[PDB]
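Notes for the one structure printed next.
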Amino acid sequence: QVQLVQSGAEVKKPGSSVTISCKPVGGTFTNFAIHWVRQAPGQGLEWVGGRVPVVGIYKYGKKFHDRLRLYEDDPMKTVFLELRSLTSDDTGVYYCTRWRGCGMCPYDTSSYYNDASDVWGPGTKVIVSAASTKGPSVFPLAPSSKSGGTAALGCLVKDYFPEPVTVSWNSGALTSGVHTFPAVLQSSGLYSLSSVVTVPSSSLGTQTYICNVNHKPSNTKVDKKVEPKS
Amino acid sequence: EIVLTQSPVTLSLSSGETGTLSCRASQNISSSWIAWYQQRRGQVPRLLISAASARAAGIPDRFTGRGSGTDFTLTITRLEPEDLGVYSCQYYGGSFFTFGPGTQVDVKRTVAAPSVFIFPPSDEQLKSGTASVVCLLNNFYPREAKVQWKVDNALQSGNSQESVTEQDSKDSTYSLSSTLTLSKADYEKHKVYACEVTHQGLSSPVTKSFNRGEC
Ligand SMILES: *[C@@H]1O[C@H](CO[C@@H]2O[C@@H](C)[C@@H](O)[C@@H](O)[C@@H]2O)[C@@H](O[C@@H]2O[C@H](CO)[C@@H](O)[C@H](O)[C@H]2NC(C)=O)[C@H](O)[C@H]1NC(C)=O
């Protein structure tokens with residue numbers, strides 16, 4: 001069959017440019033356009049551009065004009081995407097795709113630009129951020145009220161980079177009612193998330209609640225006891 | 001300028017039900033250039049249908065595409081758990097390809113209003129220069145929910161971020177966290193911090209609030 005292999009994850013400063021590679025494994029090289037599709041976090045698929053290698057038939061999305069460049073290295077059988085002037089709007093997963101078509105195509109020498117994509121690369125993650133490695137600061141989310149005998153508490157894990165961070169409660173002994181939300185990139189280029197848990201409000205003065213925050217890229221481990229403020 | 005729209009935003013189905021997803025084109029287009037893709041969570045998208053109705057290889061018979069002119073549909077019969085995900089239509093004619101916004105297919109259950117909680121900034125954060133206020137919407141359904149922040153009855157915009165859990169495997173519900181980011185100076189200048197939540201399971205919007213300084 002036909003397979004697509006892409007380069008590894010990238011972290012780029014705002015205003016810089018990124019280059020992604022896509023190396024097809026199988027089939028021909030100049031018959032079918034390679035079409036790049038990206039996906040920003042929590043958004044739909046967005047077509048970036050496509051190019052028939054060597055033959056040089058290509059188009060760029062209007063949003064990416066004066067900013068994008070698609071090209072290939074014929075000897076190495078590799079195609080490339082270049083996106084300049086990166087902003088946070090360019091953060092996401094970049095897929096190279098193409099139509100399998102006639103595989104080896106012994107009966108066709110034409111080139112084809114207009115096709116769906118049944119072959120998809122694994123995706124290349126691109127993080128646009130002007131931030132270096134930094135450990136999180138863990139703040140408590142204190143419970144207090146007079147919700148049907150059930151209270152919520154948690155930990156706000158803020159201002160770290162890069163992903164990921166792992167969160168557990170009472171060294172993993174407390175799992176029911178735990179919601180650890182997906183991290184979000186804030187305007188500063190640092191990640192932030194919260195982890196909440198619902199507990200019986202009658203046991204707030206008796207049970208000890210600690211969240212375990214471990215950030216391997218920063219070699220940071222924090223344990224924050226969440227008490228009701230009074 | 002061909003723009004694809006899709007409906008519904010979220011399609012909720014039970015195992016074995018039938019669902020119909022709609023894609024709408026800006027103008028008349030040929031069915032030769034319409035495709036449907038499936039994306040499961042964390043996985044790469046996959047081609048289901050090309051040329052509006054031609055089922056891709058390996059795709060089960062449960063998926064069928066139809067349509068012409070400006071209205072195209074994808075029908076899923078006998079829905080199975082592997083079919084949960086986001087379905088997107090694509091136009092690949094002409095020079096500039098385009099995708100629809102996608103439709104989410106999730107597990108159906110009865111309506112559940114969220115339990116709403118609001119958390120003030122901790123003192124340990126205030127001594128750092130910033131103030132985060134957190135609003136939690138716990139175990140609700142359907143997915144659609146609105147959160148509005150209000151500081152001394154002034155509506156906030158541009159200074160909040162929200163994230164949502166995946167649909168829980170046990171109770172098929174969602175949870176949502178909304179985080180209001182304020183400077184210490186702006187936080188100390190106001191008293192009433194309110195989170196106003198709008199959801200189908202609520203007869204009217206619910207407002208949780210606290211006063212800075214336990215007032
Ligand atoms: C957009 O297309 C519709 C439908 O056209 C039909 O379906 C197409 C796939 C193609 O096969 C056409 O040849 C078909 O006629 C148009 O609606 C038709 O309009 C004509 C007027 O020329 C009328 O005689 C037909 O009865 C209409 N069809 C129906 C079902 O009512 C529509 O006009 C097209 N849009 C524009 C702006 O022309």
Side-chain angles (χ1 to χ4, degrees), chain A residues 1-7 18-39 45-62 64-65 68-83 93-124, chain B residues 2 4 29-39 43-59 65 88-99:
Chain A
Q1 307 294 341
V2 183
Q3 194 195 16
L4 300 170
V5 172
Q6 301 183 231
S7 39
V18 61
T19 290
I20 311 173
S21 75
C22 179
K23 190 181 63 62
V25 181
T28 62
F29 190 76
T30 62
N31 289 123
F32 295 96
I34 299 294
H35 281 282
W36 294 87
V37 181
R38 77 178 185 179
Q39 186 167 38
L45 299 165
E46 181 173 33
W47 178 77
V48 179
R51 177 178 170 86
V52 187
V54 181
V55 185
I57 299 184
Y58 75 96
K59 294 295 173 185
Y60 297 157
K62 298 280 188 57
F64 310 96
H65 210 290
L68 178 78
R69 171 170 158 255
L70 297 177
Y71 60 98
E72 54 274 347
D73 186 69
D74 197 359
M76 292 286 299
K77 296 307 172 188
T78 303
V79 292
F80 295 91
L81 174 145
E82 171 190 312
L83 191 59
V93 184
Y94 286 76
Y95 301 97
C96 64
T97 78
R98 61 157 277 181
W99 181 247
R100 174 170 288 104
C102 39
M104 298 308 302
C105 302
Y107 305 132
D108 202 348
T109 56
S110 309
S111 292
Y112 298 101
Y113 177 84
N114 297 89
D115 274 301
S117 292
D118 60 341
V119 189
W120 284 71
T124 301
Chain B
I2 297 187
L4 301 177
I29 55 180
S30 176
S31 69
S32 306
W33 317 107
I34 284 294
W36 290 89
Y37 298 85
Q38 173 193 65
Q39 186 169 27
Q43 293 189 3
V44 299
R46 179 176 68 153
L47 178 69
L48 299 186
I49 311 276
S50 61
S53 63
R55 191 174 308 112
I59 300 304
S88 304
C89 58
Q90 181 207 33
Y91 178 78
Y92 52 92
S95 297
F96 310 106
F97 296 4
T98 190
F99 289 89

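Residue numbering restarts at 1 for every chain, and letters A, B, ... go by the order of the sequence lines.
Residues in residues 45-54 of chain B take part in these side chain to side chain donor-acceptor pair (under 3.5 Å) pairs, two or more places apart or across chains: B:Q38-B:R46. Contacts classified as salt bridge (charged side-chain N to carboxylate O under 4.0 Å, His left out) and involving residues 105-122 of chain A (residues at least two apart or in different chains) are given here: A:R100-A:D118. Sorted by first and then second residue, the salt bridge (charged side-chain N to carboxylate O under 4.0 Å, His left out) pairs involving residues 24-33 of chain A (not counting sequence neighbours) form an empty list.
If you take OH on A:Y60 and CG on A:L81, they are separated by 8.5 Å, rounding to the nearest 0.5 Å. Separation of atoms SG (B:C89) and CG (B:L48) is listed at 12.0 Å; rounding is to 0.5 Å. Between the CH2 atom of A:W36 and the CZ atom of A:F64 there is a distance of 13.0 Å, given to the nearest 0.5 Å.
In this structure, the side chain of A:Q6 engages the main chain of A:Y94 through a donor-acceptor pair within 3.5 Å. Looking only at distances, a side-chain donor or acceptor of A:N31 sits under 3.5 Å from a matching main-chain atom of A:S110. With hydrogens and angles disregarded, no donor-acceptor distance shorter than 3.5 Å links the side chain of A:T30 to the backbone of A:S111. Side-chain N or O atoms of B:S32 include none that pairs as donor or acceptor with a backbone N or O of B:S30 at under 3.5 Å. A:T124 contributes a side-chain N or O that, together with a main-chain N or O of A:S7, makes up a donor-acceptor pair within less than 3.5 Å.
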Evaluation steps, side-chain contact (heavy atoms from CB on, under 4.5 Å), between A:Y113 and B:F97: CA-CA 10 Å; A:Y113 177 84; B:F97 296 4; 3.8 Å; yes
Working note: B:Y91 + B:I34, criterion side-chain contact (heavy atoms from CB on, under 4.5 Å); need CA distance, chi angles, decisive distance, verdict. CA-CA 5 Å; B:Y91 178 78; B:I34 284 294; 4.1 Å; yes
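Contact between A:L70 and A:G49 at its shortest, heavy atoms only, is CD1-C, 3.6 Å. B:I2 and B:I29 get closest at one heavy-atom pair: CD1-CG2, 3.7 Å. Nearest heavy atom pair, residue A:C22 against residue A:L4, reads SG-CD2, 3.9 Å. The minimum heavy-atom distance between A:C105 and A:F32, with the atom names listed, is SG-CE1, 3.7 Å. The nearest pair of heavy atoms linking A:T28 to A:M104 is CG2-O, 3.3 Å. Closest approach of A:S117 and A:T97 over heavy atoms only: OG-OG1, 2.6 Å.
With sequence neighbours excluded, the residues that form a salt bridge (charged side-chain N to carboxylate O under 4.0 Å, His left out) with A:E72 are A:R51. Under the ring pair (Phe, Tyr, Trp, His ring centres under 6.0 Å) criterion, B:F99 pairs with B:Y37, sequence neighbours left out. When the ring pair (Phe, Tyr, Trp, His ring centres under 6.0 Å) test is applied to A:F29, no partner is found at least two apart in sequence or on another chain. Partners of A:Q39 according to the side-chain contact (heavy atoms from CB on, under 4.5 Å) rule, which considers only residues two or more places apart in sequence or in another chain, are A:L45, A:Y95, B:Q39. Residues satisfying the side-chain hydrogen bond (donor to acceptor under 3.5 Å, both in side chains) test with A:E46, not counting sequence neighbours, are A:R38, A:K63. Listed by chain and number, the residues in a side-chain hydrogen bond (donor to acceptor under 3.5 Å, both in side chains) with B:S95 amount to none (sequence neighbours excluded). With sequence neighbours left out, A:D74 forms a salt bridge (charged side-chain N to carboxylate O under 4.0 Å, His left out) with A:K77. Shown here are the side-chain hydrogen bond (donor to acceptor under 3.5 Å, both in side chains) partners of B:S31, two or more places apart in sequence or in another chain: there are none. When the side-chain hydrogen bond (donor to acceptor under 3.5 Å, both in side chains) test is applied to A:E82, the partners found at least two apart in sequence or on another chain are A:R69, A:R84.
Both the sub-6.0 Å distance and the 45° axial angle are satisfied by A:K62 relative to the ring of B:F96.
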